[PDB]
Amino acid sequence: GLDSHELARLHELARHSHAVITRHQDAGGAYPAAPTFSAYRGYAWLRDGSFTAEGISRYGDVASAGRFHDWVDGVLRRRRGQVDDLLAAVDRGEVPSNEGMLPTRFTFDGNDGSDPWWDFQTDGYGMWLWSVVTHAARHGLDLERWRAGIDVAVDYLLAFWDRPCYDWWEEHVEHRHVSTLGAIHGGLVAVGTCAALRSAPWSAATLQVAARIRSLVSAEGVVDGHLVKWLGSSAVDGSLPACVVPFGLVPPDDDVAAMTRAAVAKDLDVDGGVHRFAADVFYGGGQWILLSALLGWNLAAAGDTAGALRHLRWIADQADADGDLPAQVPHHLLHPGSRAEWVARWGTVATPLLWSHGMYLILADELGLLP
């Protein structure tokens, strides 16, 4: 579905995506989120990093992806005691506050980069489980390399999956977000269906909890045939297609999958650029590369190759003169009056965003375009 002009440009953007991710990877293995964006400099997120790692793994850079997994594993093994203490607190009937939970931002040396009172999130731990299992399966690797870190993440998620937390967008701590539940589900199903992990003590529990997640989403996370942004809402969010591919709450051909893709397209997709959610005021609520990629990936998986390609083309059109992809662009803004204050406070939008490049690589690979 691409002519020679397009193929050459998409291949170049794929090469550049690999280069900019691997050039910015820290010496210790972490992928930074946004190396030139002042507010985020020096920090890694498991969400951004896991999708970045999946793009890199698909591209075939086994060494780079493995160094990311090494970094995450080591960071998590260092939290074995913190997690054990949280679990012991629960067993005494003393549920830990958000302030005591595992962090969202990490420094490259594995310390808390932010205070979880202000940004407590569980999705990234689920994403990491999905990512490391998927990588190991793809490349025929022994998961024992990363198993003790996997164990920490699994124990944590089995205890805390059903807690309210901030969403992927670091908002609304009181709610339970369907793409957060979806990320956890994806990670738990990945480990619970992995033959190499068949004897883990938590093996059965992971699939039972994944079923509990699906029960909760069925009860409170579906309205008018589509997934919704958080349990008990009516709105959609551009992250919701992740609950189809890759996280697997429903197959790509399920009616809920189709309806969710359609609702996201109708409510949030403007000319191929997907907004996060209707109420979004961050930088005025622009169009996010990673969300267009996510929708494209989902369209490809459902057999809508043309729709996938349209989103791939839109993403490529957002690359700057160096090939770098921003987090978002302002061609359409949901709340334009809100934009200038974000720019005054934090500067211009993060570019490159490694996750943008990682998602580009995933979609390109889905469409058979990795050179």
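Residue indices: 1-based, along the sequence shown.
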Looking at the deposited entry, does 146 to 154 or 114 to 122 carry the larger mean Cα B-factor? 114 to 122
Going by the average Cα B-factor in the PDB entry, point out whether 292 to 300 or 90 to 98 comes out higher. 90 to 98
Per the deposited entry, the peak Cα B-factor within the set 166, 283, 230, 130 goes to 283
According to the deposited entry, which of 46, 65, 30, 343 has the largest Cα B-factor? 343
Please rank the C-alpha B-factors of the chain's modelled residues and tell me whether residue 238 sits in the lowest, middle or highest third. middle
Tertile call for residue 271 (CA temperature factor, within chain, third-based) is the highest
The third of the chain into which the C-alpha temperature factor of residue 69 falls is the lowest
Going by the CA temperature factor in the PDB record, which third of the chain does residue 305 belong to: lowest, middle or highest? highest
Within this chain, which third does the Cα B-factor at residue 50 fall in: lowest, middle or highest? lowest
